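Line order of the protein sequences matches chains Y, U, S, Z, A, V, L, E and X. Counting in my numbering, the first sequence runs from 62 upward without gaps. Counting in my numbering, the second sequence runs from 2 upward without gaps. Counting in my numbering, the third sequence runs from 7 upward without gaps. Counting in my numbering, the fourth sequence runs from 89 upward without gaps. Counting in my numbering, the fifth sequence runs from 2 upward without gaps. Counting in my numbering, the sixth sequence runs from 420 upward without gaps. Counting in my numbering, the seventh sequence runs from 886 upward without gaps. Counting in my numbering, the eighth sequence runs from 1264 upward without gaps. Counting in my numbering, the ninth sequence runs from 60 upward without gaps. Virtual Cβ for every residue (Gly too), placed ideally from N, Cα, C. Data first, discussion second: the structure below is written as structure tokens.
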Amino acid sequence: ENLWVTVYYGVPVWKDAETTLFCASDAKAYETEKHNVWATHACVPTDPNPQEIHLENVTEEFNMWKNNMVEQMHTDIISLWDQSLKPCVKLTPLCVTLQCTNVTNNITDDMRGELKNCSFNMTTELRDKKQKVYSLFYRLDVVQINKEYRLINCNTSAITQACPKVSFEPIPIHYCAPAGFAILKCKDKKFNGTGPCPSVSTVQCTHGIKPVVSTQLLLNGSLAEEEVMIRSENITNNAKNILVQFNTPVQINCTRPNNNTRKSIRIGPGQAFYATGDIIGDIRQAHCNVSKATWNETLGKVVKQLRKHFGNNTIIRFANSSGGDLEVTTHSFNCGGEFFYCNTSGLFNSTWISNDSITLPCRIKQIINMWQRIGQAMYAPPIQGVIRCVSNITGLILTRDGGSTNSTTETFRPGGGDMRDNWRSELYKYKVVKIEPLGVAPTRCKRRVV
Amino acid sequence: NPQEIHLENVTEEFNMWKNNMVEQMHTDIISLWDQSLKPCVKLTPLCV
Amino acid sequence: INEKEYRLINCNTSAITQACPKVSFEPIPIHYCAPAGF
Amino acid sequence: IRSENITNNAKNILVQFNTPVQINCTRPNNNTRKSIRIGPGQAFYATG
Amino acid sequence: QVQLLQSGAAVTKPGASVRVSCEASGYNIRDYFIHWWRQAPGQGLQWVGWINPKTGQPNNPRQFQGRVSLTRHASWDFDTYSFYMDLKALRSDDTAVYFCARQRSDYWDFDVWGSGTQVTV
Amino acid sequence: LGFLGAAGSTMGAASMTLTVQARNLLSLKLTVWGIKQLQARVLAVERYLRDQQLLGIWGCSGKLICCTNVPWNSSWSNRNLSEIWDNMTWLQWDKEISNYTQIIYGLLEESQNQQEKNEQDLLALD
Amino acid sequence: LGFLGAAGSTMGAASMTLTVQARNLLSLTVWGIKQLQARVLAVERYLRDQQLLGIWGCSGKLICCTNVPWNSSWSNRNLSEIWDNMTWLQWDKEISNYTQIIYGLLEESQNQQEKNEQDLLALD
Amino acid sequence: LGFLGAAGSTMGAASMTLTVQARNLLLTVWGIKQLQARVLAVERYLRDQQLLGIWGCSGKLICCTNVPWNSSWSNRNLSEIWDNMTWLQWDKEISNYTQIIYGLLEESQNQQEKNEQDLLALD
Amino acid sequence: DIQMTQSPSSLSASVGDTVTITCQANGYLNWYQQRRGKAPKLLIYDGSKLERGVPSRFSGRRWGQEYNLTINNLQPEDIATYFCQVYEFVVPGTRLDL
Ligand SMILES: *[C@@H]1O[C@H](CO)[C@@H](O[C@@H]2O[C@H](CO)[C@@H](O[C@@H]3O[C@H](CO[C@H]4O[C@H](CO[C@H]5O[C@H](CO)[C@@H](O)[C@H](O)[C@@H]5O)[C@@H](O)[C@H](O[C@H]5O[C@H](CO)[C@@H](O)[C@H](O)[C@@H]5O)[C@@H]4O)[C@@H](O)[C@H](O[C@H]4O[C@H](CO)[C@@H](O)[C@H](O)[C@@H]4O)[C@@H]3O)[C@H](O)[C@H]2NC(C)=O)[C@H](O)[C@H]1NC(C)=O
Ligand SMILES: *[C@@H]1O[C@H](CO)[C@@H](O[C@@H]2O[C@H](CO)[C@@H](O[C@@H]3O[C@H](CO[C@H]4O[C@H](CO)[C@@H](O)[C@H](O)[C@@H]4O)[C@@H](O)[C@H](O[C@H]4O[C@H](CO)[C@@H](O)[C@H](O)[C@@H]4O[C@H]4O[C@H](CO)[C@@H](O)[C@H](O)[C@@H]4O)[C@@H]3O)[C@H](O)[C@H]2NC(C)=O)[C@H](O)[C@H]1NC(C)=O
Ligand SMILES: *[C@@H]1O[C@H](CO)[C@@H](O[C@@H]2O[C@H](CO)[C@@H](O[C@@H]3O[C@H](CO[C@H]4O[C@H](CO)[C@@H](O)[C@H](O)[C@@H]4O)[C@@H](O)[C@H](O[C@H]4O[C@H](CO)[C@@H](O)[C@H](O)[C@@H]4O)[C@@H]3O)[C@H](O)[C@H]2NC(C)=O)[C@H](O)[C@H]1NC(C)=O
Ligand SMILES: *[C@@H]1O[C@H](CO)[C@@H](O[C@@H]2O[C@H](CO)[C@@H](O[C@@H]3O[C@H](CO)[C@@H](O)[C@H](O)[C@@H]3O)[C@H](O)[C@H]2NC(C)=O)[C@H](O)[C@H]1NC(C)=O
Ligand SMILES: *[C@@H]1O[C@H](CO)[C@@H](O[C@@H]2O[C@H](CO)[C@@H](O[C@@H]3O[C@H](CO)[C@@H](O)[C@H](O)[C@@H]3O)[C@H](O)[C@H]2NC(C)=O)[C@H](O)[C@H]1NC(C)=O
Ligand SMILES: *[C@@H]1O[C@H](CO)[C@@H](O[C@@H]2O[C@H](CO)[C@@H](O)[C@H](O)[C@H]2NC(C)=O)[C@H](O)[C@H]1NC(C)=O
Ligand SMILES: *[C@@H]1O[C@H](CO)[C@@H](O[C@@H]2O[C@H](CO)[C@@H](O)[C@H](O)[C@H]2NC(C)=O)[C@H](O)[C@H]1NC(C)=O
Ligand SMILES: *[C@@H]1O[C@H](CO)[C@@H](O[C@@H]2O[C@H](CO)[C@@H](O)[C@H](O)[C@H]2NC(C)=O)[C@H](O)[C@H]1NC(C)=O
Ligand SMILES: *[C@@H]1O[C@H](CO)[C@@H](O[C@@H]2O[C@H](CO)[C@@H](O)[C@H](O)[C@H]2NC(C)=O)[C@H](O)[C@H]1NC(C)=O
Ligand SMILES: *[C@@H]1O[C@H](CO)[C@@H](O[C@@H]2O[C@H](CO)[C@@H](O)[C@H](O)[C@H]2NC(C)=O)[C@H](O)[C@H]1NC(C)=O
Ligand SMILES: *[C@@H]1O[C@H](CO)[C@@H](O[C@@H]2O[C@H](CO)[C@@H](O)[C@H](O)[C@H]2NC(C)=O)[C@H](O)[C@H]1NC(C)=O
Ligand SMILES: *[C@@H]1O[C@H](CO)[C@@H](O[C@@H]2O[C@H](CO)[C@@H](O)[C@H](O)[C@H]2NC(C)=O)[C@H](O)[C@H]1NC(C)=O
Ligand SMILES: *[C@@H]1O[C@H](CO)[C@@H](O[C@@H]2O[C@H](CO)[C@@H](O)[C@H](O)[C@H]2NC(C)=O)[C@H](O)[C@H]1NC(C)=O
Ligand SMILES: *[C@@H]1O[C@H](CO)[C@@H](O[C@@H]2O[C@H](CO)[C@@H](O)[C@H](O)[C@H]2NC(C)=O)[C@H](O)[C@H]1NC(C)=O
Ligand SMILES: *[C@@H]1O[C@H](CO)[C@@H](O[C@@H]2O[C@H](CO)[C@@H](O)[C@H](O)[C@H]2NC(C)=O)[C@H](O)[C@H]1NC(C)=O
Ligand SMILES: *[C@@H]1O[C@H](CO)[C@@H](O)[C@H](O)[C@H]1NC(C)=O
Ligand SMILES: *[C@@H]1O[C@H](CO)[C@@H](O)[C@H](O)[C@H]1NC(C)=O
Ligand SMILES: *[C@@H]1O[C@H](CO)[C@@H](O)[C@H](O)[C@H]1NC(C)=O
Ligand SMILES: *[C@@H]1O[C@H](CO)[C@@H](O)[C@H](O)[C@H]1NC(C)=O
């Protein structure tokens, strides 16, 4: 009569756990051209039916900013970047001093001194010869040596550049749990970055995510499903970045109006080096456009959400960045295979109280130091022709000014440029657990006597 | 002395030039060629 | 080098390296086998 | 006392103490070091 | 040595710009926020701001806007860092001890400070 | 039915899906993505194989349901078994007995399987 | 006696070699890298078959009897007309478009249900 | 009750520990070596289990084949072995004949047993 | 938001007295001490545990927003100003005397 404990198998059990995520891309479509920087020459194709089911009667805890899937992305992406970087030509011959002048070609007068024409006696295919060559450069990539100039990073780890054929366009990537593990997702459209979720589902793989890189506003992320969302690991800690997620796209147009031309030289055998060609036509600044009305109305929507965390009728203000490294001082992104920076402070020139387009100046620097790293540097190759870019702005990374009094007149600025929080905007929806099929329970049966 | 086994009453298609055994050899051999040379000293001073 | 000076034929092509003298290029038979279950 | 073969003088004789023997060693000079830049981004060190 | 270096005391006539500084110590600087504090004599300590050394990014109270900034610098071999606080508008009530601090944790534990310096006007 | 749909089922009702749950338990080239896949494949095998080892020890191999004869101290649970089958998910049940599982496993191995082998040895004497 | 000698004989005769064919089912230079890939693959495939047998209750056997009837439409020969004159490979080709169906049937139509019945028997 | 404690007792007594012995069977340079070790362990484990499945002895630490053996391989009274030799010592004596035995296990009883089982099931 | 207050003023307590100081605040609390001409020192952090190298005599309590700090067996070398702190706000210092 007394119950005996007995064995069961295939029983669902969940434990929080971490494993390396599977690589995936849709149908390996990148394979049609060679080749994407992150898809590499190969990845696993996605399942034709990435099915998910809503679990009956289930809720689950989630912890944004605790999930290490994000951290895996941080180092996987970096590793990929270096993986394609490694088979390329070093540019250290270019540390030789260059003569320069402020060359113009019907330059607008707000572009003056932004470009320099410079030259050096290089190296040649034979060690015994030298030749003089010149190219255009952005002022940002040089510094006067003491006019004579040197590349800005010659007092830092070496600059490299080759293999322009690789594509820097993002491609969505999906991740899949190892067998015996599973991906769980929160289905609540309004979910807070942490705590239990009233509705859950599970899926074979994550939704695809592009490897988007930006430093002030999120670009081309998932839309908030119903309303603009604001999240922080702890809103009272102002060292924390404030997530802002739009529930609608905001169109932005960006261009590099100058026709671009290119030339190349040989540093030595096997050592092609791309360099800017002389530019034909009027010289004009890079710029972007966003609707005045859309920016205003959606900003007010952010404010309406923002008020949820503060006393009623609190004064709210936005502001120009407090400065720092250029990567956060200005908005930056890569489009068209070329880096851009812009002055976004005009977008924040507002205040808020109770109760047709904007244009922004931009800049280009071809010497880049990725992320926060200082051990590497690279030269972007010139991009021929006029650059045209169109994208949807999907959110903001914001910070809040410290101090003040009486819980009032809060203010905000762009900030948070660490790439980890771009990824968090997509991955907060997911957690991964370990499946333990084994389990036991009491029974009225006994093994047969033999 | 590997053991060949002659099948009784069996035939099979062997479609030559569809075999990728060859292709693996093609890149196996090339890859080895590179590995043998990677340790070796560069001659770039000879462009004088 | 010109229409005499001379240069290696590949200096206008990817760089030249030297094979190491200590390893023979003589062919050796190579055998292959199935993975288990094949 | 151990050796592969004690009569073989091609072989090393291990000696394992059954007690510690203390030794103290020093480099009495007060040393300083200088950073050097050779390659860009390439620190080198030299004795001060 | 985990302890921060601290720059010496100074005095200027009112309205002067002023600079103070601190330096890196054996802990990895990249992993912690730098904070500045000031104290009027006869008064409790006042927070000034923080800077994220990895990004060079300052955060200050509305009270000090447009008056101060924070900067940072590092050795080319990255074994040192410098930190600075600049104020462009001294006034007699800006006399205070000023010092650096490390944010050890997300509870803002500050287990180390520079000795501080005395700025006077 | 989809994998883990049983999580909303009562513990007794979850038994109907055990086969489904078992179905997916098992399932330069130096580019890092390939390396990652390799590690995943090895780990999955290790864990799968480990479970099968335990079942073979317990004599429950080849079954999703088994019937041990091992008694347990009643203190391990606060409920009548029928109450258990219908008032909780298995996840909840796991928590209820979370500190006894090591005890149980040792018992399954020796209190019944080692001993049964001895009993079969007595039969083997004939 | 040799491996795969059954390809020369009828399906009934092929039963004699099942143990034989089972014997080898399991048993920085790039070759070492490739070797590891081979080792892993072999294990994975071996286990997949074992997994199915464990579900089917057919583990530990080269022959396992089942309670699953099959729809006669899948083949149209007298039972002796297959077992006594067909190479097993030929048989594979005829059955090949129904095997998915069969596998699902094996898993639940009898094995999931039988395990329930086993519990019910042991219940008393 | 320690692992391999049976080495201190006769091979008949060693049967008591079989349940113990099975319990533990399951980009730096070291990471590479670790990987190889994990694979090796799996391979050896599975190979042994494979044989038991052939022999029909799977899932049992002790099993009872129906194959008789030629006594000439070891002419001793069973008690003269089990109460004297360690399992290892006896193993050294029977080590050479083991491939004979394995072939016999596969065919003389198990392949034909399975055939007979089907024949029985025909009725 | 920040609700910090403190009540210790200053204390005249004699040597060897166990003494306490209290404050109340919303959120996490850190305790510190300072002497003139010197940098402040952390004593307690995260509403609980002592900073490493703090003497065993130091202790404290949390309940709700309440916070307590005490020093068992107080000694003249322990005379210092004391603080309660939240990420930015700091209660004005309070101090020992004797
Ligand atoms: C952002 O940063 C802030 C800044 O620190 C951080 O702070 C937390 O804020 C949240 C919400 O504001 C707190 O969550 C709640 O806190 C209540 C207070 O916790 C304490 O009081 C316990 C006794 O409380 C009862 O009695 C008091 C009056 O005496 C009364 O106010 C209460 O309402 C309640 O009736 C006490 O037991 C507890 O200390 C014990 O527990 C901790 C472990 O957590 C342990 O270290 C201690 O030693 C001790 O054993 C503590 O002193 C609390 O009442 C409340 O409980 C209810 O809500 C939860 C869910 O919301 C239920 O699960 C629970 O059963 C009750 O319904 C709840 O815990 C949180 O405590 C603050 N942090 C700390 C350290 O106190 C936020 O966490 C940060 N947020 C994010 C998102 O990052
Ligand atoms: C926010 O998300 C949006 C949506 O995903 C995203 O928008 C798309 O961004 C990409 C990148 O900026 C744009 O892609 C470029 O588009 C042009 C034009 O393509 C259209 O027209 C061609 C014919 O011209 C059609 O074949 C094609 O289907 C399109 O309809 C392409 O010209 C670009 O490709 C060039 O560069 C590639 C390498 O990156 C080469 O592989 C390719 O062959 C092309 O190069 C040729 O031209 C170069 C000069 O112009 C020349 O130097 C080369 O040698 C070669 O000859 C590229 O695909 C895309 O159009 C945007 N979509 C829209 C709606 O605008 C944003 O990028 C994204 N933002 C973030 C930050 O990720
Ligand atoms: C966030 O937004 C704020 C405000 O919108 C920006 O802060 C201002 O930035 C501009 C440019 O960076 C500053 O103006 C520059 O100041 C230089 C020096 O100014 C001092 O000295 C002059 C006399 O030389 C006094 O008249 C003046 O009051 C100052 O005391 C000038 O040298 C600059 O002029 C030169 O460049 C400009 C083009 O930019 C040319 O037109 C001129 O002819 C000349 O060549 C220039 O005026 C301004 O002072 C800043 N404001 C404050 C309060 O400091 C931030 O820059 C922005 N954030 C970031 C990261 O940029
Ligand atoms: C962003 O949108 C702005 C408008 O909101 C665009 O600016 C406009 O750009 C064109 C081309 O440079 C300018 O047109 C030129 O104007 C002169 C004088 O009117 C005329 O002589 C030329 O024939 C030509 O039309 C136009 O004036 C300028 N508008 C303003 C406000 O300056 C800009 O092109 C947009 N960028 C993107 C990428 O589309
Ligand atoms: C690489 O070397 C460059 C210099 O060649 C370093 O940049 C220079 O750094 C100093 C210190 O931050 C800046 O000095 C400031 O200059 C202004 C004007 O001369 C002066 O008013 C200030 O008092 C101060 O000295 C200097 O402007 C800056 N140069 C530029 C181009 O920004 C850089 O720090 C070096 N990197 C390494 C790792 O050391
Ligand atoms: C190109 O090489 C010439 C020499 O062939 C360099 O000219 C000398 O430059 C130095 C530095 O300015 C002066 O001291 C010499 O007097 C210059 N010589 C003459 C003939 O004027 C020039 O610097 C080289 N350019 C590059 C970029 O290195
Ligand atoms: C810019 O954002 C808009 C709105 O989010 C996108 O338009 C949507 O496109 C998707 C897929 O093509 C459709 O399923 C939606 O129905 C569209 N929105 C609406 C309101 O109809 C647009 O695709 C985004 N731009 C890019 C380049 O993707
Ligand atoms: C970005 O620029 C493009 C074109 O320069 C704009 O696209 C046009 O938008 C209007 C308004 O809806 C449409 O009527 C046109 O048909 C669009 N052109 C094409 C070719 O499709 C786009 O609206 C701009 N976005 C913003 C935010 O300014
Ligand atoms: C950059 O400077 C160089 C010389 O310092 C310029 O080179 C001349 O270019 C024009 C047109 O391309 C030719 O007609 C001349 O023969 C070139 N001179 C030499 C010595 O080669 C070049 O034009 C300048 N480019 C820009 C954009 O200013
Ligand atoms: C980035 O934007 C800010 C304003 O949003 C610019 O501040 C302006 O500074 C210039 C030059 O000192 C003045 O002519 C303007 O009057 C300022 N703006 C306002 C609204 O007063 C800042 O200069 C911009 N940076 C760049 C590089 O353009
Ligand atoms: C940038 O400008 C160049 C020339 O100014 C453009 O090149 C023209 O290309 C077309 C078609 O390929 C030719 O028919 C013209 O003859 C070219 N122009 C010249 C002067 O040779 C180029 O197309 C422009 N870039 C883009 C993206 O349109
Ligand atoms: C090596 O030097 C140290 C100090 O120079 C010797 O340490 C001494 O040890 C004795 C025995 O415990 C102590 O009484 C002394 O006080 C130690 N000296 C100091 C300065 O602390 C040590 O004995 C030396 N070893 C040898 C083998 O000479
Ligand atoms: C090693 O030991 C010797 C002595 O045991 C030390 O030499 C002494 O050095 C001091 C000052 O250099 C002299 O005053 C003594 O007379 C020396 N002793 C003798 C016996 O000559 C020496 O300093 C020790 N060195 C270290 C590294 O431990
Ligand atoms: C070749 O295949 C045929 C059938 O595919 C086999 O034919 C049998 O041959 C034996 C002996 O010659 C007879 O006893 C049988 O009656 C034949 N027919 C059958 C079994 O259907 C033949 O054995 C095969 N040859 C080999 C070497 O395997
Ligand atoms: C803080 O410590 C003080 C003593 O230092 C505690 O004081 C007692 O507080 C309760 C509640 O107000 C009173 O009933 C007692 O009479 C107080 N004692 C005295 C000496 O006044 C207080 O309880 C402590 N708080 C914490 C949370 O433990
Ligand atoms: C457990 O049985 C008691 C009566 O002994 C009853 O009150 C309770 O409903 C039972 N629980 C289950 C799940 O049937
Ligand atoms: C099988 O039936 C066919 C006719 O469909 C016939 O020719 C053959 O004799 C049959 N075999 C049996 C054993 O009756
Ligand atoms: C050692 O061997 C002797 C007989 O060979 C026996 O008396 C004793 O029990 C053995 N010890 C162990 C630990 O087996
Ligand atoms: C086995 O028999 C031999 C004699 O044939 C004898 O010497 C030995 O004692 C025997 N062992 C047993 C356990 O009786």
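Residue 333 of chain Y and residue 308 of chain Y do not touch by the CB rule: their CB atoms are close to 47 angstroms apart, not below 8 angstroms. In chain order, 289, 307, 309 and 311 place their CB closer than 8 angstroms to the CB of residue 359 of chain Y, counting only its own chain and leaving out the 5 sequence neighbours on each side.
By the rule that beta-carbons nearer than 8 angstroms mark a contact, residue 131 of chain Z touches chain A. Taking the beta carbon of residue 40 of chain S as reference, no residue of chain U falls within 9 angstroms; the closest one sits roughly 11 angstroms away. Within chain Y, the residues 462, 464, 465, 470 and 472 have their CB atoms less than 8 angstroms from the CB of residue 63 of chain A, given in chain order.
Nearest CB-CB separation between residue 40 of chain U and chain Y: not below the 8 angstroms threshold. Taking the C-beta atoms as reference points, residue 486 of chain V is found nearer than 8 angstroms to residue 504 of chain Y.
If you check the CB distance, residue 1310 of chain E and residue 912 of chain L come in under 8 angstroms.
According to the DSSP secondary-structure assignment, residue 304 of chain Y is paired through a beta bridge with Y:292 and Y:458. The C-beta of residue 153 of chain Y comes closer than 8 angstroms to at least one C-beta of chain Z.
For residue 446 of chain V, the chain L residues whose C-beta falls within less than 8 angstroms of its own C-beta are 929 and 933, listed in chain order. Around ligand 11, the residues whose beta-carbon falls short of 7 angstroms from at least one of its heavy atoms are Y:320, Y:341, Y:342, Y:446 and Y:447, given in chain order.
In the DSSP assignment, the residues bridged to residue 422 of chain Y are Y:348. Neighbours of residue 105 of chain X across chain Y, judged by C-beta separation under 8 angstroms, do not exist; the nearest C-beta is about 13 angstroms away.
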